[PDB]
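Given next, in structure tokens, is a single chain: the form deposited in one PDB entry.
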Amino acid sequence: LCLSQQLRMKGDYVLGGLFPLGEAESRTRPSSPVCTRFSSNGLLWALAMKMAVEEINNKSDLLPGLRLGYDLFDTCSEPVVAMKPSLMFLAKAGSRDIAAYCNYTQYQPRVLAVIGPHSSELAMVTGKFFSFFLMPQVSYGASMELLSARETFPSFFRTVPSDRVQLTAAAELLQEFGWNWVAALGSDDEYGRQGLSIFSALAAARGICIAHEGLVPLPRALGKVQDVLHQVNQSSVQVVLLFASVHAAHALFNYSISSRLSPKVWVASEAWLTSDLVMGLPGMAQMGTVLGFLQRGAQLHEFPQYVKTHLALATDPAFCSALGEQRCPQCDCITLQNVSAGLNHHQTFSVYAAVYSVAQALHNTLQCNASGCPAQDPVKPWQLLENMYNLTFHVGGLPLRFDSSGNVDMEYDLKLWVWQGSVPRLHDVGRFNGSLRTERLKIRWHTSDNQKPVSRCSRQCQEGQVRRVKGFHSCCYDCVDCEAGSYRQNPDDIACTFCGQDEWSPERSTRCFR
């Protein structure tokens, strides 16, 4: 194939890209590492961006008379290798040097925007470096709530919903179904830590508060996993929230099935709600119910045909000759089976939307009209940043808008696991726009009589009882009434002094009478 030669097309305005094309299988010299192993997802996403750019060029209304271009690059999911092309994007056009100045407005970057990485870890590293120059950056996968701050990431936009909306929806589901007593568990990555940090506040501001807050260890080549479940089993909770990555969830469920753990309602994140690894574990049907939230979006319906057509064209000897007229040297030898596994991924739309958004922003900033468009000097990268906040760009007949924080707004669906044999299925019971709308007659719980499980506490001990405070933040109380053998001398002081010989007092006695 001749794919590795179609990652650069000249144009009046050139976009840039960063995709995880390759994977890598001790530093003694200042040299760039080398990756060789091939991954199909990166190539599919690169081809999605290419499709988007060609679609824009073919049309007439958008950027009439101007032709775009791109410059794709590899990250290898490693900051050291991802920094170099990032340093190249910001350079004096036509040269191989970068200059040191005091501020922007003295640079002439050779690109106009960047379609950022898929990983949040690399997003954080590259966003800081780009924010110095105010180079707009749009990411298609990074979903972290730390990246919404506008004091550290002024020029960052993302086309994937943040992690706050999912947790808010989970909190509202918990509050509506009547579940004050819960247990929150998260993974040992940054993912889980930030998830717990958000959820604790979201819950404490709504009447829910947690019995235990723990971190499930990662499978980094088992003893601690025992401790976490002991604490959960020691609080009488019938609901557990699991905001973890796929491997931690797999380990947790493997251990739980290996032993005998009681059924419980599990609230999932988007990582392991649809992972074949978890769904295929034997015995999982005896663990209980599993709910969650999944986003709603379109899906490109010409991408599968596009990939076939372009691979077939690449096979043509004539094209390679003309094409001549390597970032990824290992993608010139792949076949259709090596990519057939993922020709229905749901992030091609994200890449496509990011490209369309930058295109529309440029259209507006140029004061392009419909067919001709005004003569002016080139637009600098920091001039699109004013037309990108509050921008309503149409992609595939679905209006979208950025916000002040830089995020887009998307809806959600509530998924439930229903078993028909040994194959679980995903059904719908609700929707989440800004307020939850659930359906309750379409749920088959794991209990004997198909009745809603109960996990509740008591926030106010009635007069005539002692109260022992419980909870990880001291919210609820365990009420106990002293027998006909003592008084209730004080509301506090959890202890009952015994009546006197001359006195007499029944149960629920404030004082003993003579």
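Here, rigid core means the biggest group of C-alpha atoms that superpose within 1.5 Å across both forms. The numbering used is simple: start at 1 and walk along the sequence shown.
Omitted here: the form deposited in another entry. The next part is about that form.
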So which one of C331, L174, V138, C209 actually moves, Cα shift of 2 Å or more between the shown form and the other one once the core is superposed? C331
2 Å or more on the CA of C482 between the shown form and the other one, with the rigid core superposed, yes or no? yes
For a quick test of reading the superposition: does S40 move by 2 Å or more at the CA between the shown form and the other one, rigid core aligned? no
